[PDB]
Amino acid sequence: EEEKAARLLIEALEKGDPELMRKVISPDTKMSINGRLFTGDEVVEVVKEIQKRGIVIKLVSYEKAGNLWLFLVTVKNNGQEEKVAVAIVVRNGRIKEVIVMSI
Amino acid sequence: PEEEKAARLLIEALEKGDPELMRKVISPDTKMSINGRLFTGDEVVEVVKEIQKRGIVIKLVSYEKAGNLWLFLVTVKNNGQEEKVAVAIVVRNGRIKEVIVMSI
Ligand SMILES: [Zn+2]
Ligand SMILES: [Zn+2]
Ligand SMILES: [Zn+2]
Ligand SMILES: [Zn+2]
Ligand SMILES: [Zn+2]
Ligand SMILES: [Zn+2]
């Protein structure tokens, strides 16, 4: 169920299907994206905005410790490329906390 | 507020790895993945000790937080080579429950 949620996140991101995230986000999910805080449905709306903008995300690598996952992705928009770290904590099959940080 | 206290302690542990502070914040059930290699409990303390013993210099670049999840970006210097490393930590009840260390 832990692994399910992480796997669904990757699939959702690859597919550009933000709505699929609703299967792993909860109303109490907290996200920090470069210091900006979002909760619950707002997290889905942020991911939707990212997809709407056509931002291209490629997974580079990932690691896991217990219910904690850390992903390194490359992000491309308008020919500019950046590395981003995405940390998630899963509880009861749901992503409860997420940090997105530009490197 | 209480965040600043916790941040200060976490940063000190990450940069300097004081053994006595490590023993206070690691529990027998703490799980660490360091570039895919898994360590648990006391082992985590021993790994931090080894990193410090080798003279690896760790400096905070930035960090973020959401609930009990923290993410630190550090520079690591060893033998004239410099790299960026991401450290993700989950805290529960004043202790580190999970930590991932990943070279970028
Ligand atoms: Zn699309
Ligand atoms: Zn909405
Ligand atoms: Zn827009
Ligand atoms: Zn110290
Ligand atoms: Zn002492
Ligand atoms: Zn030992």
# chains A, B, ... in the order shown; residues from 1 in each chain; ligands from 1
call {"tool": "closest_atom_pairs", "arguments": {"of": "chain A", "to": "chain B", "cutoff": "7 Å", "atoms": "only C-alpha atoms", "output": "Markdown table"}}
result
| residue | atom | partner | partner_atom | distance |
| --- | --- | --- | --- | --- |
| A:30 | CA | B:66 | CA | 5.9 |
| A:31 | CA | B:66 | CA | 5.9 |
| A:32 | CA | B:66 | CA | 5.6 |
| A:35 | CA | B:64 | CA | 6.1 |
| A:63 | CA | B:36 | CA | 6.1 |
| A:64 | CA | B:33 | CA | 6.6 |
| A:65 | CA | B:33 | CA | 5.5 |
| A:66 | CA | B:98 | CA | 6.4 |
| A:68 | CA | B:98 | CA | 6.6 |
| A:70 | CA | B:100 | CA | 7.0 |
| A:87 | CA | B:88 | CA | 6.7 |
| A:97 | CA | B:66 | CA | 6.0 |
| A:98 | CA | B:66 | CA | 6.5 |
| A:99 | CA | B:66 | CA | 6.4 |
call {"tool": "residues_around", "arguments": {"residues": "segment 3-8 of chain A", "least_positions_apart": "6", "cutoff": "10 Å", "atoms": "only C-alpha atoms", "output": "VMD selection string"}}
result
chain A and resid 14 20 to 21 23 to 25 64 67 to 71 88 to 95
call {"tool": "residues_near_ligand", "arguments": {"ligand": "ligand 5", "cutoff": "9 Å", "atoms": "only C-alpha atoms and all ligand atoms", "output": "list in words"}}
result
residues 19, 20 and 21 of chain B
call {"tool": "residues_near_ligand", "arguments": {"ligand": "ligand 3", "cutoff": "10 Å", "atoms": "only C-alpha atoms and all ligand atoms", "output": "PyMOL selection string"}}
result
chain A and resi 46+48-53
call {"tool": "write_last_selection", "arguments": {"atoms": "N, CA, C and O atoms", "output": "PDB file, in the first residue's frame"}}
result
ATOM      1  N   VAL A  46      -2.254  22.252  -7.958  1.00  0.00           N
ATOM      2  CA  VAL A  46      -0.890  22.655  -8.323  1.00  0.00           C
ATOM      3  C   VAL A  46      -0.312  21.715  -9.398  1.00  0.00           C
ATOM      4  O   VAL A  46       0.256  22.150 -10.400  1.00  0.00           O
ATOM      5  N   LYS A  48      -2.058  19.842 -11.461  1.00  0.00           N
ATOM      6  CA  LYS A  48      -2.803  20.175 -12.665  1.00  0.00           C
ATOM      7  C   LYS A  48      -2.228  21.382 -13.389  1.00  0.00           C
ATOM      8  O   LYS A  48      -2.164  21.415 -14.617  1.00  0.00           O
ATOM      9  N   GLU A  49      -1.844  22.427 -12.646  1.00  0.00           N
ATOM     10  CA  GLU A  49      -1.300  23.613 -13.287  1.00  0.00           C
ATOM     11  C   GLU A  49       0.048  23.289 -13.960  1.00  0.00           C
ATOM     12  O   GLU A  49       0.325  23.730 -15.069  1.00  0.00           O
ATOM     13  N   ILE A  50       0.881  22.500 -13.281  1.00  0.00           N
ATOM     14  CA  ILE A  50       2.127  22.006 -13.858  1.00  0.00           C
ATOM     15  C   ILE A  50       1.932  21.248 -15.178  1.00  0.00           C
ATOM     16  O   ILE A  50       2.620  21.530 -16.137  1.00  0.00           O
ATOM     17  N   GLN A  51       0.949  20.352 -15.213  1.00  0.00           N
ATOM     18  CA  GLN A  51       0.574  19.606 -16.411  1.00  0.00           C
ATOM     19  C   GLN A  51      -0.002  20.496 -17.502  1.00  0.00           C
ATOM     20  O   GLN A  51       0.388  20.392 -18.663  1.00  0.00           O
ATOM     21  N   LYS A  52      -0.884  21.419 -17.129  1.00  0.00           N
ATOM     22  CA  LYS A  52      -1.447  22.387 -18.058  1.00  0.00           C
ATOM     23  C   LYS A  52      -0.348  23.198 -18.750  1.00  0.00           C
ATOM     24  O   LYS A  52      -0.445  23.501 -19.950  1.00  0.00           O
ATOM     25  N   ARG A  53       0.711  23.514 -18.015  1.00  0.00           N
ATOM     26  CA  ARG A  53       1.817  24.280 -18.586  1.00  0.00           C
ATOM     27  C   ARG A  53       2.748  23.452 -19.458  1.00  0.00           C
ATOM     28  O   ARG A  53       3.658  24.020 -20.057  1.00  0.00           O
TER      29      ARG A  53
END
call {"tool": "select_by_dssp", "arguments": {"residues": "chain B", "states": "alpha helix (DSSP H)", "output": "VMD selection string"}}
result
chain B and resid 2 to 16 19 to 25 42 to 53
call {"tool": "closest_residue", "arguments": {"among": "A:12, A:43, A:75, A:100", "to": "ligand 1", "atoms": "only C-alpha atoms and all ligand atoms"}}
result
A:12
call {"tool": "closest_atom_pairs", "arguments": {"of": "chain A", "to": "ligand 2", "cutoff": "6 Å", "atoms": "only C-alpha atoms and all ligand atoms", "output": "Markdown table"}}
result
| residue | atom | partner | partner_atom_place_in_ligand_line | distance |
| --- | --- | --- | --- | --- |
| A:41 | CA | ligand 2 | 1 (Zn) | 5.2 |
| A:42 | CA | ligand 2 | 1 (Zn) | 6.0 |
| A:45 | CA | ligand 2 | 1 (Zn) | 5.6 |
call {"tool": "residues_near_ligand", "arguments": {"ligand": "ligand 4", "cutoff": "6 Å", "atoms": "only C-alpha atoms and all ligand atoms", "output": "ChimeraX atom specification"}}
result
/B:12,16,18
call {"tool": "select_by_dssp", "arguments": {"residues": "chain B", "states": "strand (DSSP E)", "output": "PyMOL selection string"}}
result
chain B and resi 26-34+37-40+57-66+69-78+81-92+95-103
